[PDB]
Structure formats: C-alpha cells, structure tokens
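Here's the structure we're looking at; comments come further down.
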C-alpha cells in the first residue's frame, strides 16, 4: 500500500520483490474467473500525496536538475582562491600612467 | 548470435523452416518451446513471413 | 504493478493440486464444490467433487519503462563551477573544480 | 510497414468472456473488458478487450466471437462512454485507444440488427492534468510542458502479454437427440470430444461424423466439447485452460506510454503590490492554480496552496 511495494533492482532486472497483500477469493457459483483482493498501488498512492519537489522547497534558493542529479546556484559559503602568478606579468611602474 | 530450436536442429533465428501462411499449428508449436529466448522477436518476425 | 492471473484449471469429478512457480507473491488455492458455466452450457456433468484452481501473481506494468521512480542514495557531494577569469586582460572561460 | 506489425495478432482469435453488466443482466459477452489503463495525461485510456481490432473476419474494424463463428462490424458502430461519450481513436489486436473523460465506469456497446450488446465494468477512469493548474478539459492556448501520453501508433516496443492454448470450449448445440438415443454432430473441419456417464465411464474423441451412442437416453448426461489446436487466445481468467504446459508464445502490446508534449493553460497575471519589506499578491484564478512560495535563506518557510477563488496573499 505504500512506496516500494514493488521493488525491481533495475529496470530490466527480471527479478522483482513484491509484497502487495494479495489474497485469493472463492469464485462465484457458476462462473469461471479468478477473484482476488489486494492493497492498491503504493506508487499511485505515493503520487497522490507527494509533498512538493526539492525544486520548490530547497533552502538558499537552489535549482535542482535531473540528468545529472545536481543543484545550482545555492547562495551559501564562499570560495577561497590561490593565485600562483609568474613574475613576467608584473609590468614596471613607468610603463603605465601615473 | 542466437540459434533457435524446433528439434535438435539449431537453425538461425532469422531463417525459420516454417511460416504461418503454410502451417496453422506447427508455427505456434515452434514458438511454444522458444519463449525463453532473447532472439524471440527475430524468430517471431521471421516466422511470419516467407 | 499488474496482477497476472492464470486461467482456472477445471477437472470434472477429480481433484487438482497446487504446483508452484515461485513467481512474485504467487498465491495459489484449490476450490472444491464448483459447477462452472461456459457460453455453450454447463461445463461438467458432476454436481459435486469438481475442482477449480485459482493462481495469481504480481508482475510489473507494461508502462514501467517510461513511468518509474528511481530510489537513490546520496553522500559526499562535489562542487564544480563555470568561472570566467581575467588576469591582466587575458580572459579564459573554464570549468574549474573547487 | 503496418503489415509487419499486424502479423502476430493473425495467430489469435477473439473470444467470449463473462461480463457482469450486460444489456439486461449477467451474460457472456463478445466485447468483455479485461483491463482499463488510464495513466496518460490528457484523457487517453487504453482498453484491453475480448475482441480484436484492425483485422477482418481491414482498416477500421472490430472482430468479435459470436458463439464460435467470428463476425465483424465497422468501428464507427462501436461507442463507449464513462460519464460523457468517449471517442475511439484506433485499435490494434486486443487493445483499443480512446479519448475519455473521468468516470467510475466503462461501458462499451455496439448495435446489431435487433440485438444490443453491452458490457459495463466497475473500472475507475481518471483524468490527469499537466502542470500546476488543474483543468478538466485540455485548453486552447498556453505553453507546452513535457508529458507522457499513450502513443497512437502500434509500434513494437519492449512490453509483452502472454498467449496460450485455448481450452475445451464446451457446446450444447452439437449434442441432440435421436428418436431413441443421443446424437453428436461435430462441425466440419473441427474435432469434438464427448464425455458421458450413461454406462460406466465413457469418453471418445470424434471427427467429422454424426456419431450416435447407445445406452444414453437423456442428453443431459453428455457434454460435447470443442477443439481448436491453432488460433491462440489471451491468458484470461475468464477462460478455462488446456492440459500440459499451456504456453505458445507472447505478443507485443500496442499504444505504450511514451514521452510527448502537452499544452497547459497559463493563469492570469498576478497583480503585485510592493511595500517596505513586503509584497502583496492579488490573484484571480480562472481554474484552480497552485501558488508555491519559498524564501532564499537557510530556513525556506515554503508555502504550498491550491487557490481556486479570488484571493489576496501577503
């Protein structure tokens, strides 16, 4: 009845775990059918509830994307920098205005 | 490559010996034993057409 | 999910048995005292001692490929910026790793 | 290359199954319904029925089973409806694709000369909007979100259903009385088999012969089955099965759920009133519209609200 009542290891795993509360029932007198009673799709019930995405709820104003799972532009922290500058770039004084 | 079965004759799955417009139930029996096959779609679309 | 169901095995004045297949959540049960009907009349002539076997199992849906949800685990992230550096009017645009 | 697609449902036949709601009561129907799937967005469902489509007994046809003899009608005689009428788009094999509104039932019906056939099933059909604005009928103009609808062609993809031997479909139009005995008349090009209980235990397989039997007085004691070695059926629970390993192949399913593009509406522009460290929002939703706010700090304090009335949010 909840998220993950089907658990396939990958998309093409061909070996899935399933716990879906399936119970067979007695057929009606005079009819050829297979009557069962199981809990509904937990994936559908997860989709009905679905507290909103991390795209709308993330702190610091992040921008969650998909194909690599990544966040963008989270305005937090600070980047330190190291500059190993060679001595050739230091122009002398009198070659610049003053 | 993948070899399909009707007997102990491992024929190529793109080249079946029978087709449905010739035989009604022998093609269905050839498809019956070869369900567990990764080249079953090749055997399928070859086993229709002559 | 997609509850798959095998056709009911019916024997007239007999007794079936349960032969399992180890399909996911594969329930099986044998029902006695069954007088089934087809479209062309009744199926057995025996009143009692007939037997119908119900067999159900859970397989995943046909639209599993384009409609599925990936459960992951994440830890120890990696920050990576697209800087645009200019040092002494010499500009580069390089993906720096931080 | 449609003939390469249709060639696998040539191996199959339509059948009859038990429908719980028919035109009068509970019957055995040629248009019985196995499953309804409604998970595409803009109103497209995919019925798996007990009839076949796109084949003759031809372009737009339903092929069904009428007490053994396979019949056919054009597709524009078949209509189905959930709450409002649905619109049939195409068919391929045992599967039909319709554009349906939301409803708690499906009812398919066609009309022959003076016999009306119907099959109502208690299968819920839902309508799934795209985006953060919850419409009920897809709009006329807006923007285009990506979506997932059931594709309209019958292209072979990686999803299958499982086909099997049809079992012994019993009949009683075969068995008849003589003046003093019991007479079984199997049809031409078709072998029947007969089980009786008038002597001890009696059983026979007969072929192409009006074959009487002595010592049987009443034809209530003899059941005349019917046999078709060719012509697959679906693995239905409304059919009985054969004897021994049962399996003959698998077929692909048409109209799978593919990625697409869908047009979604665009809500009227909010009227924003600004103040010192505050923002007021006048909102006039045309149809119910999610407002989602969050702050750009370490505590976001996100607010999520379905708004369906003219409302002012500060």
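Residue numbering for chain C follows Swiss-Prot, covering 863-960 in order.
Header says: electron microscopy, 3.5 Å.
Using N, Cα and C of the backbone, Cβ positions are placed for all residues, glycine too.
Feature annotations, reproduced from Swiss-Prot:
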DISULFID  C:874-C:906  disulfide bond
DISULFID  C:875-C:908  disulfide bond
DISULFID  C:880-C:890  disulfide bond
CARBOHYD  C:946  N-linked glycosylation site
REGION    C:896-913  region 'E1 fusion peptide loop'
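Here the features listed in Swiss-Prot are placed on the structure.
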| residue | record | CB count, 10 Å |
| --- | --- | --- |
| C:874 | disulfide bond | 17 |
| C:875 | disulfide bond | 15 |
| C:880 | disulfide bond | 10 |
| C:890 | disulfide bond | 17 |
| C:906 | disulfide bond | 21 |
| C:908 | disulfide bond | 15 |
| C:946 | N-linked glycosylation site | 9 |
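Here the candidates are the disulfide-bonded residues C:874, C:880, C:890, C:906. The one whose C-alpha lies nearest to that of the residue listed as 'N-linked glycosylation site' is C:890. Rounded to a whole value, the Cα-Cα separation of residue C:908 (disulfide bond) and residue C:874 (disulfide bond) is 7 Å. Calculated from their C-alpha atoms, the gap between residue C:874 (disulfide bond) and residue C:880 (disulfide bond) amounts to 17 Å. Proximity to chain D (Cβ-Cβ distance under 8 Å) holds for the following recorded positions out of C:880, C:890, C:906, C:946: C:906. Cα separation, residue C:906 (disulfide bond) to residue C:875 (disulfide bond), rounded: 8 Å. Beyond the region 'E1 fusion peptide loop' (C:896-913), the same-chain residues lying 6 or more positions past its ends with a Cβ under 8 Å from any Cβ of the stretch are 870-878. According to DSSP, residue C:880 (disulfide bond) is assigned to coil rather than to any helix or strand. Per DSSP, the region 'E1 fusion peptide loop' (C:896-913) is made up of 0 helix, 5 strand, 13 coil.
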